[PDB]
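Next up is one chain by itself, shown in structure tokens, the form deposited in one PDB entry.
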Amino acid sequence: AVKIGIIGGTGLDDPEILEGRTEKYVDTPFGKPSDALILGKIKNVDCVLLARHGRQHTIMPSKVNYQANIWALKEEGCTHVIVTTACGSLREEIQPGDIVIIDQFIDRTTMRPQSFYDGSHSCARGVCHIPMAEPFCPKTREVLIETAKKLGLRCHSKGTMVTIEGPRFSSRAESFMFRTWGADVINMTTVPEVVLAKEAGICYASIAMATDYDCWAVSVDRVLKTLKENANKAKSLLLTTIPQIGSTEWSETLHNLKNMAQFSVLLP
């Protein structure tokens, strides 16, 4: 049995995606999640939807409580967490409207807690050095890629996301630099979301939707405009991918993730 947590990004968090919906506000040892959890289903698969920036989008990337969001989904029983995020393209071949099933990231954030084990919560004691060689779940990414193919969607099978602190967009000099570092797309929320999901032993995958070419011309209006035009893609991908995940066995994948997380903790 699996339960899919879904974190929706800017203009990519439509509750209508789930049937038999029920709102549920929760609390965690790390504070309150961005907004209430929406419990529902996609076919016969249990899901939990959460708006990363709050349903009215009032939380900037730097201020999102990533710890609470991941902890709440974990506490709810989620075995998987698939998210959506807008991003700028740092590669000509990645055109706005394209989906990128990212497999790597480059951290450029500075003021964000990246671990549950901060030595101040009973629920998570000790020091945790979580491995990040493969930040995203390969099995989940695989089904997303195949499903995108079945839907005839322009989709890139891999990509490195550079996550900046924000809220400002990058300067042109930074944009060029990120390209030399091997970054393919850029956003403000992948890190530490992917890191905390790992510590929680959750299969995490990200559906990145290119909304602009950054500036190597990006603006809020341009991003919102592209998201509005392409939101249906991520929705369709999730609706078709989730039932597939629910039809396969994950016991082993989840076991290996649990072990990796457990053995990354150093106790007193």
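For the two forms, the rigid core is made up of the largest set of C-alpha atoms that agree within 1.5 Å on superposition. Shifts are known only where both forms have a C-alpha. Note that residue numbering begins at 1 and tracks the sequence as displayed.
FYI, the form deposited in another entry isn't displayed, but the following is about it.
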Problem - residue 11: Cα shift of 2 Å or greater between this form and the one not shown (core-aligned) - result: yes
Handout entry: Cα-Cα trend for residue 10 and residue 182, given that in the other form the distance shifts by 3 Å or more
Key = farther
Exercise for the section: Regarding residue 48 and residue 11, go with closer or farther for their CA spacing in the other form versus this form, the difference being 3 Å or more. Expected result: closer
Completion exercise
After aligning on the rigid core, stretches of three or more residues with every C-alpha displaced by 2 angstroms or more between this form and the one not shown cover residues 9-20
